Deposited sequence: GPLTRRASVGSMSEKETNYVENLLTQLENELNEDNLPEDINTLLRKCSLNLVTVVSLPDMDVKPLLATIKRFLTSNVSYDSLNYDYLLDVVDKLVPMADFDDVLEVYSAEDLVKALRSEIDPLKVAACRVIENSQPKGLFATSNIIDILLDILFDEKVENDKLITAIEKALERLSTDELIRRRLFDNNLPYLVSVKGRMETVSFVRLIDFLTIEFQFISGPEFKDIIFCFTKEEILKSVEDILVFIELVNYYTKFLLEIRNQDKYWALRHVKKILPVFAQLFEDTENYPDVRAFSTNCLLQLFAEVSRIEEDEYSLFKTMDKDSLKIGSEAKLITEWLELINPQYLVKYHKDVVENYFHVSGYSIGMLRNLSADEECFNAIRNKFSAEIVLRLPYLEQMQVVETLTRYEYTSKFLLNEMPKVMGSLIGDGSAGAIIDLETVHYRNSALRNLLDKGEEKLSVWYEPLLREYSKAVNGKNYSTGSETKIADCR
């Protein structure tokens, strides 16, 4: 029906019980379009009206049914629960998990509807309790199975759920993997990669939400990933298929909140050996905490890095620590920068405008580069980096910029005001 498209559009841009009841009837005995109407319609109705048409027991039957579109509908109703904890007393959540981790289930729209119902509702404490207490043994069982399809879904679910989990609710047995589970995961490299990425995101989220309490629970197995990475003899698939993901993990581990890098420096000494493998050095110097790198590998920083377009990734990392920048300072001269093409110049300059210490270096030692930034431009990239550089300098105020203030203010104005 073109009517169905019309309804959907008219609902996205802008007594429902008969229509809802009628769709319910039709679903129990083109569907993508009918479901889109339910999807756009339920959220705007009054949930008590929806609940007249779909009771808790109707939802159970619909989910236990064999009609997928009816399940998707039920997902939409559950997702817009008011209050979010409404269904947390029943086995409805349980049944959603039974479908979600069922590998015979191949309907991606159904899977996605469930994942969204759960993500929305999981801000509520009672829903999290039904998930992580009432269904703990199911979750743990699916975790232990490590069956590829459901396991990838479990990882996706745990990544979403950890966003909402407080210290007191955090359970090891569900969010953390032991050394032996990681060793087992290497047998199917796709699962292993999924696990590497899970931990990289876990560490990222720990930094971004300041959940440092969760580190005690993760730190002990991080060395296992480094060990696997080193041991190309016994686990050649690790370096063969997961080098890049592991690099991103190790980048996070080098930034963890710990005492003089004790964890990361022992992973480096024992397993990673930064500097010893030529083909990896640019990536290490692009990715690893630059304070770590200058404290333990000043040697590599001083001899490996030289200014060019190629080395821009390294420069953005290495210059984000003051001591690390001082170890590459003697590779800069105005003359070296000015021979770069303008785009690459604006990338270098933009990086140097990010910190007080790189900025002072640019202004006091490379005034000619300042001259090339001020200038006498189609590229979207070049304009982005230039204007970013201009803005970053102006945030220093008139005092620090000395004579460069007014010429910067006029170039920024030109670029921004036309």
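> Can you list the gaps, in order, where the deposited sequence has no modelled residues?
Unmodelled stretches: 1-40, 55-60, 76-82, 430-434, 477-491.
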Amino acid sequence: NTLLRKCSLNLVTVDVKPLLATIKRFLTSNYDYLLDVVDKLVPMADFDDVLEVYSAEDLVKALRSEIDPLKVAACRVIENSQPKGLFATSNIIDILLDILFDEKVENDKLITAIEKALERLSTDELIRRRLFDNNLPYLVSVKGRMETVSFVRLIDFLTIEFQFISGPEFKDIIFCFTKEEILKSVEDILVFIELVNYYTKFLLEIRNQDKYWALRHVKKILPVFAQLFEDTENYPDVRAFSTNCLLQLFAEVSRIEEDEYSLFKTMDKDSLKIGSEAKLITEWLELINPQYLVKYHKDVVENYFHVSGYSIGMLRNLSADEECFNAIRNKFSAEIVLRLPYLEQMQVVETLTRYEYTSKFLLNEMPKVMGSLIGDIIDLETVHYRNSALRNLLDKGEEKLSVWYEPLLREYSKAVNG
From here on, numbers count along this sequence of modelled residues.
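> As a check of understanding, is residue 9 unmodelled in at least a third of the other compared entries that model its flanking residues?
No, none of the compared structures omit it.
> Among other entries of this protein with both neighbours modelled, does residue 355 go without coordinates in a third or more of them?
Other entries vs residue 355: none skip it.
> Highest mean C-alpha temperature factor of the two stretches 283-291 and 91-99, which is it?
That would be 91-99.
> Regarding 265-273 and 244-252, which shows the higher C-alpha temperature factor on average in the entry?
Higher of the two, by average CA B-factor, is 265-273.
> What's the residue among 360, 386, 368, 61 with the greatest CA temperature factor in the PDB record?
If I rank 360, 386, 368, 61 by C-alpha B-factor, first place goes to 61.
> State the tercile, meaning the lowest, middle or highest third, of residue 161 with respect to the CA B-factors recorded for its chain.
Bottom third by C-alpha B-factor.
> Looking at the entry's B-factor column for C-alpha atoms only, identify whether residue 105 ranks in the lowest, middle or highest third of its chain.
CA B-factor rank for residue 105: highest third.
> When the deposited Cα B-factors of this chain's modelled residues are ordered and cut into thirds, is residue 330 in the lowest, the middle or the highest one?
According to the entry, residue 330 has a C-alpha B-factor in the chain's middle third.
> Lowest, middle or highest third: where is residue 209 by Cα B-factor in its chain?
Residue 209: CA B-factor falls in the middle third of its chain.
> Taking the C-alpha B-factors as the PDB entry records them, is residue 180 in the lowest, middle or highest third of its chain?
It falls in the bottom third of the chain.
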